[PDB]
file work-v1.pdb (PDB, C-alpha atoms)
ATOM      1  CA  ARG A   7     -13.547  -3.009  15.979
ATOM      2  CA  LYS A   8     -11.744  -1.974  12.758
ATOM      3  CA  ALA A   9     -10.695  -5.455  11.552
ATOM      4  CA  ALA A  10     -10.725  -7.460   9.433
ATOM      5  CA  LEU A  11     -10.657  -4.341   7.244
ATOM      6  CA  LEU A  12      -7.007  -3.882   8.274
ATOM      7  CA  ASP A  13      -5.973  -7.374   7.162
ATOM      8  CA  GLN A  14      -7.351  -6.513   3.703
ATOM      9  CA  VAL A  15      -5.593  -3.123   3.727
ATOM     10  CA  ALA A  16      -2.520  -5.248   4.486
ATOM     11  CA  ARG A  17      -3.351  -7.245   1.313
ATOM     12  CA  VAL A  18      -3.638  -3.936  -0.588
ATOM     13  CA  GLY A  19      -0.206  -2.943   0.737
ATOM     14  CA  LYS A  20       1.224  -6.368  -0.127
ATOM     15  CA  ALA A  21      -0.081  -5.960  -3.704
ATOM     16  CA  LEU A  22       1.573  -2.536  -3.942
ATOM     17  CA  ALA A  23       4.837  -3.704  -2.384
ATOM     18  CA  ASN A  24       6.682  -4.448  -5.637
ATOM     19  CA  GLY A  25       8.013  -1.658  -7.849
ATOM     20  CA  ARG A  26       7.980  -3.654 -11.050
ATOM     21  CA  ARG A  27       4.465  -4.955 -10.327
ATOM     22  CA  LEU A  28       3.330  -1.286 -10.205
ATOM     23  CA  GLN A  29       4.237  -0.944 -13.915
ATOM     24  CA  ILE A  30       1.247  -3.199 -14.589
ATOM     25  CA  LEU A  31      -0.997  -0.637 -12.888
ATOM     26  CA  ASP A  32       0.353   2.216 -15.036
ATOM     27  CA  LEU A  33      -0.168   0.041 -18.093
ATOM     28  CA  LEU A  34      -3.788  -0.794 -17.252
ATOM     29  CA  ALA A  35      -4.508   2.815 -16.268
ATOM     30  CA  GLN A  36      -6.509   3.105 -18.216
ATOM     31  CA  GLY A  37      -7.590   0.288 -20.544
ATOM     32  CA  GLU A  38      -7.937  -3.428 -19.867
ATOM     33  CA  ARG A  39      -5.254  -5.679 -21.420
ATOM     34  CA  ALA A  40      -4.624  -9.406 -21.966
ATOM     35  CA  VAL A  41      -1.994 -11.194 -19.832
ATOM     36  CA  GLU A  42       0.140 -11.827 -22.962
ATOM     37  CA  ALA A  43       0.140  -8.105 -23.791
ATOM     38  CA  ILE A  44       0.912  -7.099 -20.170
ATOM     39  CA  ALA A  45       3.819  -9.575 -20.050
ATOM     40  CA  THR A  46       5.226  -8.263 -23.338
ATOM     41  CA  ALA A  47       4.766  -4.582 -22.410
ATOM     42  CA  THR A  48       6.518  -4.973 -19.059
ATOM     43  CA  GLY A  49       9.212  -7.386 -20.279
ATOM     44  CA  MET A  50       7.994 -10.110 -17.864
ATOM     45  CA  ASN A  51       7.852 -13.786 -18.738
ATOM     46  CA  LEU A  52       4.298 -15.227 -18.694
ATOM     47  CA  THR A  53       4.779 -16.939 -15.287
ATOM     48  CA  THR A  54       6.112 -13.725 -13.632
ATOM     49  CA  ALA A  55       3.327 -11.628 -15.170
ATOM     50  CA  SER A  56       0.622 -14.048 -14.062
ATOM     51  CA  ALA A  57       2.109 -14.245 -10.532
ATOM     52  CA  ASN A  58       2.194 -10.433 -10.299
ATOM     53  CA  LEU A  59      -1.376 -10.170 -11.676
ATOM     54  CA  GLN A  60      -2.541 -12.664  -9.014
ATOM     55  CA  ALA A  61      -0.785 -10.523  -6.397
ATOM     56  CA  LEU A  62      -2.670  -7.447  -7.661
ATOM     57  CA  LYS A  63      -5.953  -9.405  -7.685
ATOM     58  CA  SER A  64      -5.539 -10.636  -4.063
ATOM     59  CA  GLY A  65      -5.125  -7.002  -3.040
ATOM     60  CA  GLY A  66      -8.365  -6.120  -4.827
ATOM     61  CA  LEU A  67      -6.552  -3.827  -7.259
ATOM     62  CA  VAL A  68      -7.408  -5.560 -10.547
ATOM     63  CA  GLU A  69     -10.239  -7.749 -11.872
ATOM     64  CA  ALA A  70     -10.040 -10.482 -14.490
ATOM     65  CA  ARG A  71     -12.229 -12.057 -17.138
ATOM     66  CA  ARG A  72     -11.660 -15.123 -19.296
ATOM     67  CA  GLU A  73     -12.348 -14.848 -23.051
ATOM     68  CA  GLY A  74     -11.401 -17.960 -25.027
ATOM     69  CA  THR A  75      -7.801 -18.972 -24.344
ATOM     70  CA  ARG A  76      -7.038 -15.444 -23.034
ATOM     71  CA  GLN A  77      -7.470 -13.610 -19.758
ATOM     72  CA  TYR A  78      -8.072  -9.845 -19.581
ATOM     73  CA  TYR A  79      -7.180  -7.785 -16.508
ATOM     74  CA  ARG A  80      -8.243  -4.290 -15.554
ATOM     75  CA  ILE A  81      -8.036  -1.821 -12.715
ATOM     76  CA  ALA A  82     -10.849  -2.842 -10.350
ATOM     77  CA  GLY A  83     -12.527   0.593 -10.076
ATOM     78  CA  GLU A  84     -12.222   4.371  -9.761
ATOM     79  CA  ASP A  85     -11.320   4.097  -6.041
ATOM     80  CA  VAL A  86      -8.324   1.972  -7.132
ATOM     81  CA  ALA A  87      -7.395   4.573  -9.816
ATOM     82  CA  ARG A  88      -7.666   7.352  -7.218
ATOM     83  CA  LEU A  89      -5.666   5.151  -4.790
ATOM     84  CA  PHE A  90      -2.793   4.560  -7.200
ATOM     85  CA  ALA A  91      -2.680   8.243  -8.146
ATOM     86  CA  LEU A  92      -2.632   9.286  -4.447
ATOM     87  CA  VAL A  93       0.055   6.784  -3.394
ATOM     88  CA  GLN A  94       2.312   8.275  -6.083
ATOM     89  CA  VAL A  95       1.609  11.707  -4.573
ATOM     90  CA  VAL A  96       2.426  10.390  -1.070
ATOM     91  CA  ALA A  97       5.596   8.729  -2.407
ATOM     92  CA  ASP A  98       6.628  11.889  -4.274
ATOM     93  CA  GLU A  99       6.303  13.212  -0.709
TER
ATOM     94  CA  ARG B   7      10.188   7.392 -17.014
ATOM     95  CA  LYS B   8       7.998   6.860 -13.912
ATOM     96  CA  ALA B   9      10.682   5.473 -11.556
ATOM     97  CA  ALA B  10      12.094   5.674  -9.011
ATOM     98  CA  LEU B  11       8.682   6.917  -7.853
ATOM     99  CA  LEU B  12       7.441   3.316  -8.140
ATOM    100  CA  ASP B  13      10.159   1.913  -5.873
ATOM    101  CA  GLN B  14       8.987   4.379  -3.199
ATOM    102  CA  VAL B  15       5.328   3.468  -3.809
ATOM    103  CA  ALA B  16       6.603  -0.078  -3.229
ATOM    104  CA  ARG B  17       8.003   1.176   0.120
ATOM    105  CA  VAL B  18       4.579   2.708   0.878
ATOM    106  CA  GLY B  19       2.967  -0.659   0.114
ATOM    107  CA  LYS B  20       5.563  -2.488   2.218
ATOM    108  CA  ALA B  21       4.767  -0.154   5.148
ATOM    109  CA  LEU B  22       1.049  -0.886   4.750
ATOM    110  CA  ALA B  23       1.552  -4.632   4.352
ATOM    111  CA  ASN B  24       1.004  -5.579   8.005
ATOM    112  CA  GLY B  25      -2.466  -5.579   9.558
ATOM    113  CA  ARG B  26      -1.299  -5.062  13.108
ATOM    114  CA  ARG B  27       1.075  -2.273  12.034
ATOM    115  CA  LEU B  28      -1.997  -0.453  10.615
ATOM    116  CA  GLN B  29      -3.392  -0.159  14.176
ATOM    117  CA  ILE B  30      -0.585   2.335  14.793
ATOM    118  CA  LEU B  31      -1.960   4.496  11.977
ATOM    119  CA  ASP B  32      -5.480   4.473  13.456
ATOM    120  CA  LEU B  33      -3.976   5.365  16.816
ATOM    121  CA  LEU B  34      -1.980   8.319  15.475
ATOM    122  CA  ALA B  35      -4.924   9.492  13.362
ATOM    123  CA  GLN B  36      -5.054  11.981  14.654
ATOM    124  CA  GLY B  37      -2.631  13.047  17.395
ATOM    125  CA  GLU B  38       1.083  12.369  17.756
ATOM    126  CA  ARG B  39       2.077   9.824  20.441
ATOM    127  CA  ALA B  40       5.254   8.584  22.161
ATOM    128  CA  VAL B  41       6.642   5.129  21.264
ATOM    129  CA  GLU B  42       5.935   3.900  24.834
ATOM    130  CA  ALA B  43       2.281   4.947  24.536
ATOM    131  CA  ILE B  44       1.919   3.404  21.042
ATOM    132  CA  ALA B  45       3.427   0.120  22.283
ATOM    133  CA  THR B  46       1.079   0.038  25.280
ATOM    134  CA  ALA B  47      -2.020   1.000  23.256
ATOM    135  CA  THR B  48      -1.416  -1.683  20.630
ATOM    136  CA  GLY B  49      -0.202  -4.370  23.055
ATOM    137  CA  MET B  50       3.218  -4.519  21.318
ATOM    138  CA  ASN B  51       6.495  -4.933  23.158
ATOM    139  CA  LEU B  52       8.862  -1.944  22.748
ATOM    140  CA  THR B  53      11.073  -3.743  20.170
ATOM    141  CA  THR B  54       8.059  -4.764  17.998
ATOM    142  CA  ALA B  55       6.558  -1.268  18.215
ATOM    143  CA  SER B  56       9.831   0.411  17.282
ATOM    144  CA  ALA B  57      10.368  -2.034  14.376
ATOM    145  CA  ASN B  58       6.839  -1.353  13.082
ATOM    146  CA  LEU B  59       7.307   2.431  13.503
ATOM    147  CA  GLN B  60      10.553   2.211  11.482
ATOM    148  CA  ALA B  61       8.632   0.285   8.814
ATOM    149  CA  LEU B  62       6.020   3.075   8.694
ATOM    150  CA  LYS B  63       8.777   5.720   8.555
ATOM    151  CA  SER B  64      10.606   4.025   5.624
ATOM    152  CA  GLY B  65       7.323   4.134   3.717
ATOM    153  CA  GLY B  66       7.030   7.862   4.416
ATOM    154  CA  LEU B  67       3.839   7.367   6.423
ATOM    155  CA  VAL B  68       4.974   8.735   9.798
ATOM    156  CA  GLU B  69       7.532  11.281  11.038
ATOM    157  CA  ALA B  70       9.448  11.254  14.307
ATOM    158  CA  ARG B  71      10.958  13.716  16.747
ATOM    159  CA  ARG B  72      13.181  13.139  19.765
ATOM    160  CA  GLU B  73      12.293  14.920  23.034
ATOM    161  CA  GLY B  74      14.490  13.928  25.979
ATOM    162  CA  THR B  75      14.559  10.154  26.427
ATOM    163  CA  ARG B  76      11.340   9.832  24.359
ATOM    164  CA  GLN B  77      10.474   9.691  20.683
ATOM    165  CA  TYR B  78       7.172  11.020  19.303
ATOM    166  CA  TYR B  79       5.673   9.751  16.044
ATOM    167  CA  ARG B  80       2.925  11.228  13.916
ATOM    168  CA  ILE B  81       1.189  10.755  10.605
ATOM    169  CA  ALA B  82       3.464  12.478   8.074
ATOM    170  CA  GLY B  83       0.798  14.710   6.462
ATOM    171  CA  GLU B  84      -2.744  15.156   5.151
ATOM    172  CA  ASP B  85      -1.926  13.186   1.960
ATOM    173  CA  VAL B  86      -1.039  10.243   4.247
ATOM    174  CA  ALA B  87      -4.320  10.713   6.207
ATOM    175  CA  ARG B  88      -6.263  10.822   2.927
ATOM    176  CA  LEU B  89      -4.245   7.781   1.737
ATOM    177  CA  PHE B  90      -5.044   5.665   4.786
ATOM    178  CA  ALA B  91      -8.720   6.631   4.634
ATOM    179  CA  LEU B  92      -8.892   5.750   0.897
ATOM    180  CA  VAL B  93      -7.092   2.397   1.227
ATOM    181  CA  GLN B  94      -9.719   1.389   3.801
ATOM    182  CA  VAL B  95     -12.388   2.355   1.253
ATOM    183  CA  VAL B  96     -10.620   0.300  -1.455
ATOM    184  CA  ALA B  97     -10.268  -2.633   0.968
ATOM    185  CA  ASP B  98     -13.922  -2.373   2.027
ATOM    186  CA  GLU B  99     -14.278  -2.807  -1.748
TER
END

call {"tool": "encode", "arguments": {"input": "work-v1.pdb", "output": "structure tokens"}}
result
Amino acid sequence: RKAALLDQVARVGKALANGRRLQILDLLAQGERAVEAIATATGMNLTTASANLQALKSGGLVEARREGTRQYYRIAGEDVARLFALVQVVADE
Amino acid sequence: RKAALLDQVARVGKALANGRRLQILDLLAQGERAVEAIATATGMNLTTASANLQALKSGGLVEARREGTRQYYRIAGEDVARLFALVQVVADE
């Protein structure tokens, strides 16, 4: 069988399924940034930013680390960077 | 600006955001099939299948043609076939 690979692809799709959330990906691509910085750069309040970052994380698209009172997020790997580039190609059509 | 490329990537993500809908993509990859056949192969009723095919179409992932009383769907291009392969790689993690 193919599953439960497809349920996780579904989680990838869910993570991608918000246009404003995709701004975060462009911002992190490339260079890890703190939540505060990501919120400020995208004009999102801290709650919205953190919710969207969680959504990206559940889809396996970003990783996080805690340093002091801050949290730093980055694009999870090259495959994710290739994926985000290619989905923009597909979208461009 | 990047948009409204990102709103369409969001539509791509939305199309991908259903695990059972992704079975359709595996089925069509590769070889175009009629709605009836896709419904039967995936165990979906005709309404569910057609709804899921519409969802795939809005995300630019499949194309359709009408032949008589039937409708045939296929994967929209190579970039979509590469995309679906790569998202499974990303998901596999």

call {"tool": "interface_residues", "arguments": {"input": "work-v1.pdb", "of": "chain B", "to": "chain A", "cutoff": "7 Å", "atoms": "all atoms listed in the file", "output": "ChimeraX atom specification"}}
result
/B:11-20,22-25,28,85-86,89,92-94,96-98

call {"tool": "residues_around", "arguments": {"input": "work-v1.pdb", "residues": "residue 49 in chain A", "least_positions_apart": "4", "cutoff": "12 Å", "atoms": "all atoms listed in the file", "output": "ChimeraX atom specification"}}
result
/A:26-27,29-30,41-45,53-55

call {"tool": "write_last_selection", "arguments": {"input": "work-v1.pdb", "atoms": "C-alpha atoms", "output": "compact mmCIF listing (two decimals), in the coordinates of the input"}}
result
# COMPACT_ATOMS: atom_id res chain seq x y z
CA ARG A 26 7.98 -3.65 -11.05
CA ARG A 27 4.46 -4.96 -10.33
CA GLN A 29 4.24 -0.94 -13.92
CA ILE A 30 1.25 -3.20 -14.59
CA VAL A 41 -1.99 -11.19 -19.83
CA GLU A 42 0.14 -11.83 -22.96
CA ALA A 43 0.14 -8.10 -23.79
CA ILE A 44 0.91 -7.10 -20.17
CA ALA A 45 3.82 -9.57 -20.05
CA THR A 53 4.78 -16.94 -15.29
CA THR A 54 6.11 -13.72 -13.63
CA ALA A 55 3.33 -11.63 -15.17

call {"tool": "closest_residue", "arguments": {"input": "work-v1.pdb", "among": "B:91, B:7, B:31, B:40", "to": "residue 72 in chain B", "atoms": "only C-alpha atoms"}}
result
B:40

call {"tool": "atom_distance", "arguments": {"input": "work-v1.pdb", "atom1": "CA of residue 34 in chain B", "atom2": "CA of residue 78 in chain B"}}
result
10.3 Å

call {"tool": "atom_distance", "arguments": {"input": "work-v1.pdb", "atom1": "CA of residue 35 in chain B", "atom2": "CA of residue 76 in chain B"}}
result
19.6 Å

call {"tool": "atom_distance", "arguments": {"input": "work-v1.pdb", "atom1": "CA of residue 61 in chain B", "atom2": "CA of residue 48 in chain A"}}
result
28.4 Å
